[PDB]
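For reference, final.pdb is printed below; it contains PDB, C-alpha atoms.
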```pdb
ATOM      1  CA  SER A   1      -8.969 -30.253   9.614
ATOM      2  CA  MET A   2     -10.931 -29.788   6.484
ATOM      3  CA  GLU A   3     -12.139 -26.379   7.827
ATOM      4  CA  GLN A   4      -8.498 -25.125   8.304
ATOM      5  CA  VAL A   5      -7.782 -26.072   4.680
ATOM      6  CA  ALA A   6     -10.948 -24.263   3.387
ATOM      7  CA  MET A   7      -9.867 -21.188   5.386
ATOM      8  CA  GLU A   8      -6.359 -21.432   3.927
ATOM      9  CA  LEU A   9      -7.805 -21.678   0.394
ATOM     10  CA  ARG A  10      -9.860 -18.423   1.046
ATOM     11  CA  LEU A  11      -6.665 -16.699   2.295
ATOM     12  CA  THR A  12      -4.805 -17.874  -0.768
ATOM     13  CA  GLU A  13      -7.485 -16.551  -3.015
ATOM     14  CA  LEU A  14      -7.549 -13.189  -1.107
ATOM     15  CA  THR A  15      -3.759 -13.065  -1.562
ATOM     16  CA  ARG A  16      -4.326 -13.668  -5.271
ATOM     17  CA  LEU A  17      -6.796 -10.817  -5.516
ATOM     18  CA  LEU A  18      -4.594  -8.459  -3.379
ATOM     19  CA  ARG A  19      -1.603  -9.216  -5.596
ATOM     20  CA  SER A  20      -3.553  -8.014  -8.628
ATOM     21  CA  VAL A  21      -4.749  -4.920  -6.587
ATOM     22  CA  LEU A  22      -1.115  -4.226  -5.563
ATOM     23  CA  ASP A  23       0.002  -4.411  -9.173
ATOM     24  CA  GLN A  24      -2.679  -2.057 -10.295
ATOM     25  CA  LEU A  25      -1.847   0.486  -7.510
ATOM     26  CA  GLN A  26       1.839   0.326  -8.180
ATOM     27  CA  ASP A  27       1.233   1.156 -11.878
ATOM     28  CA  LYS A  28      -0.198   4.444 -10.680
ATOM     29  CA  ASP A  29       3.358   5.227  -9.441
ATOM     30  CA  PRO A  30       5.305   5.221 -12.660
ATOM     31  CA  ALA A  31       8.076   7.359 -11.164
ATOM     32  CA  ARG A  32       8.701   4.577  -8.551
ATOM     33  CA  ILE A  33       8.630   7.118  -5.747
ATOM     34  CA  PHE A  34       6.924   4.599  -3.445
ATOM     35  CA  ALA A  35       8.625   1.422  -4.599
ATOM     36  CA  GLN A  36      11.158   1.038  -1.789
ATOM     37  CA  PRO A  37      11.605   2.150   1.839
ATOM     38  CA  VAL A  38      12.802   5.656   2.444
ATOM     39  CA  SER A  39      16.577   5.171   2.906
ATOM     40  CA  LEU A  40      17.709   5.898   6.506
ATOM     41  CA  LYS A  41      21.225   6.299   5.134
ATOM     42  CA  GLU A  42      19.944   9.164   2.893
ATOM     43  CA  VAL A  43      17.237  10.511   5.272
ATOM     44  CA  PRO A  44      18.810   9.824   8.696
ATOM     45  CA  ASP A  45      16.122  11.755  10.707
ATOM     46  CA  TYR A  46      13.178   9.984   8.957
ATOM     47  CA  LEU A  47      11.991   7.960  11.976
ATOM     48  CA  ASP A  48      11.896  11.122  14.058
ATOM     49  CA  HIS A  49       9.119  12.283  11.684
ATOM     50  CA  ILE A  50       7.402   9.058  10.501
ATOM     51  CA  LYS A  51       6.673   6.362  13.038
ATOM     52  CA  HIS A  52       5.356   3.665  10.731
ATOM     53  CA  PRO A  53       7.207   3.796   7.383
ATOM     54  CA  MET A  54       5.674   1.908   4.478
ATOM     55  CA  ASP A  55       6.363   1.268   0.789
ATOM     56  CA  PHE A  56       5.317  -1.103  -1.969
ATOM     57  CA  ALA A  57       8.243  -3.576  -1.542
ATOM     58  CA  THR A  58       7.428  -3.933   2.177
ATOM     59  CA  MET A  59       3.733  -4.598   1.263
ATOM     60  CA  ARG A  60       4.709  -7.182  -1.266
ATOM     61  CA  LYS A  61       6.781  -9.064   1.369
ATOM     62  CA  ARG A  62       3.790  -9.123   3.696
ATOM     63  CA  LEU A  63       1.460 -10.113   0.889
ATOM     64  CA  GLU A  64       3.591 -13.076  -0.195
ATOM     65  CA  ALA A  65       3.804 -14.344   3.341
ATOM     66  CA  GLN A  66      -0.063 -14.238   3.231
ATOM     67  CA  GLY A  67       0.126 -11.635   5.945
ATOM     68  CA  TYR A  68      -2.998  -9.633   4.973
ATOM     69  CA  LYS A  69      -6.086 -11.235   6.625
ATOM     70  CA  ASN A  70      -8.617  -8.909   4.979
ATOM     71  CA  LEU A  71      -8.706  -5.897   2.563
ATOM     72  CA  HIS A  72      -8.850  -3.422   5.514
ATOM     73  CA  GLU A  73      -5.315  -4.432   6.640
ATOM     74  CA  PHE A  74      -4.001  -3.979   3.036
ATOM     75  CA  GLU A  75      -5.666  -0.611   2.690
ATOM     76  CA  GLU A  76      -4.167   0.475   6.027
ATOM     77  CA  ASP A  77      -0.656  -0.120   4.608
ATOM     78  CA  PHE A  78      -1.476   1.683   1.313
ATOM     79  CA  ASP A  79      -2.854   4.679   3.206
ATOM     80  CA  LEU A  80       0.439   4.778   5.239
ATOM     81  CA  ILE A  81       2.441   5.134   2.043
ATOM     82  CA  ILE A  82       0.359   8.164   1.026
ATOM     83  CA  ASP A  83      -0.130   9.760   4.425
ATOM     84  CA  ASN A  84       3.590   9.404   5.474
ATOM     85  CA  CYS A  85       4.601  11.196   2.264
ATOM     86  CA  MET A  86       2.093  13.993   2.563
ATOM     87  CA  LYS A  87       3.389  14.738   6.103
ATOM     88  CA  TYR A  88       7.171  14.522   5.457
ATOM     89  CA  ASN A  89       7.106  16.397   2.181
ATOM     90  CA  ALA A  90       5.724  19.863   1.516
ATOM     91  CA  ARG A  91       2.813  20.583  -0.815
ATOM     92  CA  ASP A  92       5.056  22.051  -3.508
ATOM     93  CA  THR A  93       7.177  18.932  -3.990
ATOM     94  CA  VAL A  94       7.171  16.186  -6.603
ATOM     95  CA  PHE A  95       6.873  13.671  -3.741
ATOM     96  CA  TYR A  96       3.683  15.186  -2.235
ATOM     97  CA  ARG A  97       2.159  15.588  -5.668
ATOM     98  CA  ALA A  98       2.946  11.950  -6.507
ATOM     99  CA  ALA A  99       1.138  10.821  -3.385
ATOM    100  CA  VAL A 100      -1.961  12.887  -4.191
ATOM    101  CA  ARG A 101      -2.109  11.357  -7.694
ATOM    102  CA  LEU A 102      -1.620   7.838  -6.271
ATOM    103  CA  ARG A 103      -4.390   8.382  -3.743
ATOM    104  CA  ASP A 104      -6.775   9.715  -6.392
ATOM    105  CA  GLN A 105      -6.050   7.008  -8.947
ATOM    106  CA  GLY A 106      -5.925   4.195  -6.394
ATOM    107  CA  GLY A 107      -9.424   5.044  -5.089
ATOM    108  CA  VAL A 108     -11.006   3.622  -8.240
ATOM    109  CA  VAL A 109      -9.084   0.310  -7.929
ATOM    110  CA  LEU A 110      -9.832  -0.009  -4.223
ATOM    111  CA  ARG A 111     -13.535   0.718  -4.718
ATOM    112  CA  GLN A 112     -13.926  -2.283  -7.025
ATOM    113  CA  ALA A 113     -11.650  -4.480  -4.905
ATOM    114  CA  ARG A 114     -13.978  -4.009  -1.942
ATOM    115  CA  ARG A 115     -16.982  -4.972  -4.074
ATOM    116  CA  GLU A 116     -15.025  -8.133  -5.268
ATOM    117  CA  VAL A 117     -13.958  -9.124  -1.790
ATOM    118  CA  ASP A 118     -17.571  -8.893  -0.460
ATOM    119  CA  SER A 119     -19.030 -10.426  -3.664
ATOM    120  CA  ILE A 120     -16.672 -13.516  -3.800
ATOM    121  CA  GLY A 121     -16.745 -13.602   0.074
TER     122      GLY A 121
END
```

Kindly present the structure from the file in structure tokens form.
Amino acid sequence: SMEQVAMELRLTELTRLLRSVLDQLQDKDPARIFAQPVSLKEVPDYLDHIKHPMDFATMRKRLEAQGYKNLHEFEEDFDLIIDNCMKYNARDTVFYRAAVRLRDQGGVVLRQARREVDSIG
């Protein structure tokens, strides 16, 4: 139908906007701490601690499959990156501190993204 196409164009445009959001968030991680999945070869107990691992490469795969239906779903995944890290790692670690900085800096980007998503519809 013509409606299914219109819907698919909206999703494509959301995917376009979320790709730009993802790029902007990932620049706030210049150490690349959150770029890839925590290695289960190197952290064999990880899944005993963290039930829903997340990282920027995994988000990008979902994004490019147009697998984010709305900004809420995308934000859920970004919050997992931060929250997983802040649980597994102690306060006095470079990992925890990186997550705090990512959270703080990402807030600004996500604030305007929400306005854009509502604004453009």

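The residue that comes closest to residue A:24, out of A:95, A:68, A:56, A:88 and on the basis of all atoms listed in the file, is A:56.
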
Taking all atoms of stretch 10-26 of chain A that the file lists, what box with edges along x, y and z, padded by 4 Å per side, do you get, with centre and edge lengths in Å to one decimal, as AutoDock Vina command-line options?
```
--center_x -4.0 --center_y -9.0 --center_z -4.0 --size_x 19.7 --size_y 26.9 --size_z 20.6
```

Of the candidates A:51, A:114, A:87, A:69, which one gets nearest to residue A:11 if we count only C-alpha atoms?
A:69

Top pick for closest residue to residue A:94, considering A:77, A:17, A:31, A:115 and counting all atoms listed in the file:
A:31

Selected residue of minimal separation from residue A:78 among A:27, A:116, A:104, A:55, counting all atoms listed in the file:
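Residue with the minimum atom-to-atom distance to residue A:78: A:55.
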
I want to know what sits within 12 Å of stretch 118-120 of chain A, based on only C-alpha atoms, with residues of the same chain fewer than 3 positions away left out; could you give that as a count of residues only?
12
